[PDB]
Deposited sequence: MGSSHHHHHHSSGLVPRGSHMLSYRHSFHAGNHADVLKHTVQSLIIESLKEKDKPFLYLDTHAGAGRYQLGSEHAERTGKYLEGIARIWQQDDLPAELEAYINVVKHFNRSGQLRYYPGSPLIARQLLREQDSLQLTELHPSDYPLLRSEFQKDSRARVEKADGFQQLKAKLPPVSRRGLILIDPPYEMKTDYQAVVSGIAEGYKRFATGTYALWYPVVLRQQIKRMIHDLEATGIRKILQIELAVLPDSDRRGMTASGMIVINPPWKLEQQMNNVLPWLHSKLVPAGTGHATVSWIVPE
């Protein structure tokens, strides 16, 4: 295992949707002064040298003059790592959180790949808010929850290299939710095999967990990876409307020909 490297995919359309949603959840959590935890089970290397799927993702939005307000926090982090105006580095989920989180907040990050873990550690060598471990991310849903702050965003973002991930994300969410039922859980998934995503969502419904939102962006109709999504348990109350505001613009820029779709809907509605 562990042959996947996120550097091959960083900044693609999936990362754009994923990090849009991650950023909006973090900004909502920051509306209250009380600290919160950011927990990243499959954290990656931290930052990625781009120079090419990023050309069809982040490159198509980060310098647009009419950037929706819902993208400003995210795109400002991307600009922070590229102040020359040239697209050279892409900040992964840990660096988006590192820049958006406040002094009082905490980060718990895990990465198993033996070359990418040390790169991730280096990004946080002077940041006492963060802990970085070379450990199984699914175990952290038991070990690190609930946070003492009793507030948090948990991002579960595996590569689905091992087909066991389709079941492990549901089991892992169930274990995390048992320990921390008020947290916001954001699960990223690819659409390579639609029926396996339907199977996964069926298993998730069967847990009995309520308030489950689904955000999906497809660059092509169902048929490699044609789409990806974010399943969000306990979304901030504004998230659905924020996505209805921003998904049409996002899909039109990421997919100029109009193929595919961009939807927000409920798996388990209120």
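According to the record, no C-alpha positions are given for deposited positions 1-20, 72-78, 251-253, numbered from 1.
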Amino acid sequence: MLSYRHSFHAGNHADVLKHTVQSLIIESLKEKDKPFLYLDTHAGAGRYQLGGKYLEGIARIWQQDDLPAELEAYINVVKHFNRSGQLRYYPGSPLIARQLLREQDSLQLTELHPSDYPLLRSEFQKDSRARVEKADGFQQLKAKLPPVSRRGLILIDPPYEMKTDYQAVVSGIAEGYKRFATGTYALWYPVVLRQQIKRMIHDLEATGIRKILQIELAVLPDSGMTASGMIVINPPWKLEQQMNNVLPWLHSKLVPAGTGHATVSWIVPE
From here on, numbers count along this sequence of modelled residues.
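Mean C-alpha B-factor is higher over 163-171 than over the other stretch, the pair under comparison being 163-171 and 182-190. The PDB entry records a higher mean C-alpha B factor for 57-65 than for its counterpart among 224-232 and 57-65.
Across the residues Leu37, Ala218, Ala43, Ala206, the deposited record lists the maximum Cα B factor for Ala206. Highest C-alpha temperature factor among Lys144, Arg151, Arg98, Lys134 per the entry: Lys134. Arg47 sits in the highest third of its chain by CA B factor, as recorded in the PDB entry. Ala257 sits in the highest third of its chain by CA B factor, as recorded in the PDB entry.
In the deposited entry, the Cα temperature factor of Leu109 sits in the bottom third of values across the chain's modelled residues.
Ranked within its chain, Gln214 lands in the lowest third, by CA B factor from the PDB record.
When the modelled residues of the chain are ordered by their C-alpha B factor, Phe138 lands in the middle third.
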